[PDB]
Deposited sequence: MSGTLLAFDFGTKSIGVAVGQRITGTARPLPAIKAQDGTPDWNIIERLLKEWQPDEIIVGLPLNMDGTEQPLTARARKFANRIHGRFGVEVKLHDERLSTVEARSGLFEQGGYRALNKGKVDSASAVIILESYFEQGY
């Protein structure tokens, strides 16, 4: 299909974006609340049945030198649980970021756009 979902892990909120390869674009969906990084999996399940993504992307936050940040490990755990519970291919995409509703998903849109621009 060329349809993809991206998630921006957070402990209180997880951003969501849906993207289309055919048109090469990404757009935000309403963020998902989390309780210490745990969402209401029914929401994630609904998104997967509704969009049938060819694969899903999860941002792997790192430092500008590529070292791991505090959330890196949680982000990864989150990524494995999606894959584990749903079987869809999940891909971690290095989120190299620096210290410088759908609006709460802005970071998920950037993660997905970057993933397309880098040729993945």
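List in ascending order the stretches of the deposited sequence, numbered from 1, that lack C-alpha coordinates.
Since the structure holds only modelled residues, the stretches it omits are 1, 102 to 118.
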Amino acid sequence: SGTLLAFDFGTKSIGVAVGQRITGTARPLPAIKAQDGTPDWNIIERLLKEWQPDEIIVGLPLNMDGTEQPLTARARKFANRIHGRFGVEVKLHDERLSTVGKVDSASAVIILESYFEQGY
From here on, numbers count along this sequence of modelled residues.
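Stretch with the higher entry mean CA B-factor, where the candidates are 89 to 97 and 37 to 45:
So the stretch with the higher mean C-alpha B-factor is 89 to 97.
Regarding 50 to 58 and 64 to 72, which shows the higher C-alpha temperature factor on average in the entry?
On average, C-alpha B-factors are higher across 64 to 72.
Pull the Cα B-factor of residue 24 out of the PDB entry and bin it into the chain's lowest, middle or highest third.
Highest third.
Relative C-alpha B-factor of residue 112, binned into the chain's lowest, middle or highest third
Ranked within chain, residue 112 CA B lands in the lowest tercile.
Ranking every modelled residue in this chain by its Cα temperature factor as given in the entry, which third contains residue 17?
As the PDB entry reports it, the C-alpha B-factor of residue 17 lands in the lowest third of its chain.
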